Amino acid sequence: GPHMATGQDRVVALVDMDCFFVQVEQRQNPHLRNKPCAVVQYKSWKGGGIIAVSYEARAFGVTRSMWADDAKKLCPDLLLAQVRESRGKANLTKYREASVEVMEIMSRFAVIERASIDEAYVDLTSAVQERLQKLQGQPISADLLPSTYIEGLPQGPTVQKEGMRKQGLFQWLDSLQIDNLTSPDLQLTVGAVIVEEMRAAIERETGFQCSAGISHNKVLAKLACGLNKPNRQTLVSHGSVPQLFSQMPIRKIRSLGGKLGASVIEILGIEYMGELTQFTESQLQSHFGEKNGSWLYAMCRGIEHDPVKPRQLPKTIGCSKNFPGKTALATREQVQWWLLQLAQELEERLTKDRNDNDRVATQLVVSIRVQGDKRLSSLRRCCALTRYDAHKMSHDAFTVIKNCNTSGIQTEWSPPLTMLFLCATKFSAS
DNA sequence: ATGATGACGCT
DNA sequence: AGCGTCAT
Ligand SMILES: Nc1ccn([C@@H]2O[C@H](COP(=O)(O)OP(=O)(O)OP(=O)(O)O)[C@@H](O)[C@H]2O)c(=O)n1
Ligand SMILES: [Ca+2]
Ligand SMILES: [K+]
């Protein structure tokens with residue numbers, strides 16, 4: 001009862017750019033705006049692989065990982081933009097730079113955790129407290145939340161989407177206790193007003209639209225963000241959790257989309273997150289380990305403590321390329337040449353990073369996949385990264401991997417390589 | 001023949 | 001260290 005923590009101590013948001021690479025290419029090329037369009041990498045094999053899809057193209061069934069030639073079967077008018085290719089590999093620099101535009105706007109409002117090229121978590125607790133003092137108890141207008149959905153409302157005793165949105169928002173605001181400055185529901189609402197402001201600024205200053213979730217922790221914020229996409233934000237209160245989780249497949253919760261989530265389902269014989277509440281913490285720890293069991297016990301009640309880490313820059317900087325099918329690398333010369341190509345792009349990004357961010361990497365990790373290995377990495381070895389020089393870095397990578405060559409011939413490479421990966425890690429300030 | 005990254009857990 | 005998991 002009175003001692004039972006409810007995980008309502010923080011306001012956390014997750015911001016996710018809608019069809020990010022598509023928005024970048026549509027900003028650059030107005031002919032792509034408001035059209036079914038997709039972003040593709042490479043082109044010779046089956047038209048290239050689709051990596052991002054506009055909402056207009058998704059209505060036709062186009063998805064990520066589709067070959068562009070197949071996507072054109074679903075959507076003959078599909079417009080395509082191609083990822084830059086440099087040194088024979090995809091080069092994502094345009095999207096990384098657009099991402100920096102967005103993250104630097106977000107950092108004005110609060111400290112952010114870069115979660116991916118196009119997602120950041122925001123810890124808003126402190127900004128909320130401040131804005132609450134600026135309010136002095138005045139009600140929060142629905143005009144301050146023009147794109148906000150309150151998950152689970154409307155409820156109780158119109159047939160259009162926006163009318164539903166406004167109805168739920170009104171019920172929520174009508175029930176708010178704007179007098180109590182430590183009300184969790186009030187704090188989430190203020191958090192949502194701030195996130196509206198953040199999203200307005202991102203759109204004004206970059207042209208890019210995003211969705212967001214606002215809740216009390218990262219898992220609920222991420223789940224919230226996915227509930228109303230694109231160009232909308234969703235508030236998931238602590239009170240909404242029982243109904244939301246009662247039909248929510250377990251695999252939808254961040255970190256449960258893989259083998260652990262499958263084993264939760266199979267060992268416990270359940271399907272939905274809320275069903276987890278019927279097990280004791282010790283039962284869950286017995287099945288899934290002490291850490292996982294504690295996490296699941298708290299999470300299925302809507303409680304999570306993973307902090308928004310203050311980290312706006314990636315921790316490692318890497319370059320990778322796959323060599324599928326008949327293109328697998330089968331000679332010494334081939335392996336060396338592609339290691340040089342990867343290392344040249346890596347040198348370029350590292351030099352940029354050292355100038356921009358005042359740091360230097362100190363370890364080089366070299367990862368390969370061999371033909372027939374189902375695993376995504378067959379081997380990983382490290383060496384010292386002492387100078388930002390592509391020829392040295394590629395020579396060192398070759399050195400640390402060369403005894404993997406089975407061939408008795410000095411010039412051949414067996415088994416052939418289906419993946420090369422260079423990653424610079426262990427950054428020190430400079 | 002999805003392909004390009006990136007973080008973190010386990011041992 | 002080196003591998004496995006999960007994600008965007
Ligand atoms: N299997 C995946 C999924 C995502 N990404 C990377 O993560 C970025 C954002 O992924 P995601 O948010 O899932 O896709 P969006 O295009 O942004 O679509 P949405 O509107 O649903 O956010 C992609 O552009 C891509 O760079 C990737 O490389 N491989
Ligand atoms: Ca996105
Ligand atoms: K994303």
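Residue numbering restarts at 1 for every chain, and letters A, B, ... go by the order of the sequence lines. Note that these values count all heavy atoms, side chains included, but never hydrogens, waters or copies made by symmetry.
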J.: Between B:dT5, C:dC6, C:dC3, which nucleotide gets closest to the side-chain atoms of A:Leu260?
T.: C:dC6
J.: For a quick check of understanding: with a heavy-atom distance under 4.0 Å over all strands, which category does A:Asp16 fall into, base, sugar-phosphate or nothing?
T.: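 Since no nucleic acid heavy atom lies under 4.0 Å of A:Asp16, the category is nothing.
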J.: Does B:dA7 have OP1 or OP2 under 4.0 Å away from a side-chain N or O of A:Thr316?
T.: yes
J.: Distance only, no hydrogens: is a donor on one side chain within 3.5 Å (strictly under) of an acceptor on the other, for A:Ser394 and A:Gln336?
T.: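 No, because no side-chain N or O of A:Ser394 sits under 3.5 Å from a partner of the opposite role on A:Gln336.
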J.: As a test of reading the structure: which of C:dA7, B:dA7, B:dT5 is closest to the side chain of A:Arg254, going by heavy atoms?
T.: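 Out of C:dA7, B:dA7, B:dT5, the nucleotide with an atom closest to A:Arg254's side chain is C:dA7.
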J.: If I take atom CG in residue A:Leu296 and atom P in nucleotide C:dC6, what distance separates them, rounded to the nearest angstrom?
T.: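 Taking atom P of C:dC6 as the reference, CG of A:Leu296 is at 12 Å.
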J.: Select base, sugar-phosphate, or nothing to describe what A:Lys291 touches, counting heavy atoms under 4.0 Å on all strands.
T.: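 Sugar-phosphate: the residue A:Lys291, judged by heavy atoms under 4.0 Å, touches backbone atoms but no base.
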J.: Tell me what A:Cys423 touches on the nucleic acid: a base, only sugar-phosphate, or nothing, going by heavy atoms under 4.0 Å.
T.: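 Answer is nothing: A:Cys423 stays at 4.0 Å or more from every strand.
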J.: Would you mind checking if A:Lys392 and A:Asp396 are paired as a salt bridge, meaning a charged N to carboxylate O distance below 4.0 Å?
T.: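 Looking at A:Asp396 and A:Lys392, the cut-off is met.
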J.: Which sits closer to the 5' end of DNA chain B, A:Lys321 or A:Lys315, going by the nucleotide each is nearest to?
T.: A:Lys321
J.: Need one value for A:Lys89: base, sugar-phosphate or nothing, where a base atom within 4.0 Å counts as base even if backbone is also close, heavy atoms only.
T.: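 The answer is sugar-phosphate, as A:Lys89 gets under 4.0 Å only of primed atoms, P, OP1 or OP2.
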J.: Now, which nucleotide makes the Watson-Crick or G-U wobble pair with C:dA7, with each of the two distances under 3.5 Å?
T.: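 WC or wobble partner is B:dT5.
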J.: Touch check for A:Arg96, heavy atoms < 4.0 angstrom, all strands: base, sugar-phosphate only, or nothing?
T.: sugar-phosphate
J.: When the distance from OH of A:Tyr95 to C1' of B:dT5 is rounded to whole Å, what number comes out?
T.: 15 Å
J.: Going by ring centres under 5.5 Å and near-parallel planes (under 30°), is A:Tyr42 stacked on B:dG3?
T.: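 Stacking between A:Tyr42 and B:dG3: absent.
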J.: Base, sugar-phosphate, or nothing: which does A:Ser65 touch, judged by heavy atoms less than 4.0 Å apart?
T.: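 Base, at least one base heavy atom under 4.0 Å.
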J.: Please report the distance, rounded to the nearest Å, between CE in A:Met17 and P in C:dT8.
T.: 16 Å
J.: When all nucleic acid strands are considered with a 4.0 Å heavy-atom cut-off, which category describes A:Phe20: base, sugar-phosphate, or nothing?
T.: nothing
J.: Taking the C1' atom in each of C:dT8 and B:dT2, what is the distance between them to the nearest angstrom?
T.: 14 Å
J.: Would you call A:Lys352 and A:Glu347 a salt bridge, taking side-chain N to carboxylate O under 4.0 Å as the test?
T.: no
J.: Can you tell me which nucleotide in B:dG6, C:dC3, B:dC8 comes closest to the side chain of A:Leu379?
T.: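 Given the options B:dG6, C:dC3, B:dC8, the side chain of A:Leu379 is closest to C:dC3.
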J.: Quick one: does NZ or CZ of A:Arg58 land under 6.0 Å from the six-membered ring centre of A:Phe60, within 45 degrees of the ring axis?
T.: no
J.: To the nearest Å, how far apart are A:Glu113 CD and C:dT8 P?
T.: 12 Å
J.: What is the distance from CD1 of A:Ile401 to P of C:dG2, rounded to the nearest Å?
T.: 14 Å
J.: Mind checking A:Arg375 for me? I need base, sugar-phosphate or nothing, with any heavy atom below 4.0 Å counting as a touch.
T.: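 A:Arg375: backbone/sugar contact only, no base atoms under 4.0 Å.
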J.: Salt-bridged, A:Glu348 to A:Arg87, with N to O below 4.0 Å?
T.: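 Answer for the salt bridge query: yes.
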J.: From C-beta outward on A:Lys259, which listed nucleotide comes closest to its side chain: B:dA1, C:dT5, B:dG9?
T.: C:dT5
J.: Can you identify which nucleotide, out of C:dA1, B:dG3, B:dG6, has its nearest atom closest to the A:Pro314 side chain?
T.: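 Among the listed nucleotides, the one closest to the side chain of A:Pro314 is B:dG6.
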J.: What is the distance from NZ of A:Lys218 to P of C:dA7, rounded to the nearest Å?
T.: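 Value for this atom pair: 13 Å.
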J.: Rounded to the nearest angstrom, tell me the gap between atom OH in A:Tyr121 and atom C1' in B:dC8.
T.: 14 Å
J.: Considering only NZ, NE, NH1 and NH2 on the basic side and carboxylate oxygens on the acidic side, decide whether A:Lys229 and A:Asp18 come within less than 4.0 Å.
T.: yes
J.: Grab the NZ-P distance between A:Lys252 and C:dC6 for me, whole Å please.
T.: 16 Å
J.: Between A:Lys218 and A:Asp123, does any side-chain N to carboxylate O distance fall below 4.0 Å?
T.: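 A salt bridge is absent here (no side-chain N lies under 4.0 Å from a carboxylate O).
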J.: Does A:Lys309 have a side-chain nitrogen or oxygen under 4.0 Å from the phosphate oxygens OP1 or OP2 of B:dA7?
T.: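 The answer is no; no side-chain N or O of A:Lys309 sits under 4.0 Å from OP1 or OP2.
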J.: NA contact type, A:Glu119, heavy-atom cut-off 4.0 Å: base, sugar-phosphate, or nothing?
T.: sugar-phosphate
J.: Roughly how many Å apart are B:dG3 and C:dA7, using the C1' atom of each and rounding to a whole number?
T.: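 About 15 Å, rounded to a whole number of Å.
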J.: Does A:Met66 or A:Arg349 map to a spot on DNA chain B nearer the 5' end, using the closest nucleotide for each?
T.: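 The residue mapped nearer the 5' terminus is A:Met66.
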J.: Out of C:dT8, B:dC8, B:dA4, which nucleotide sits closest to the side chain of A:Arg311?
T.: B:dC8
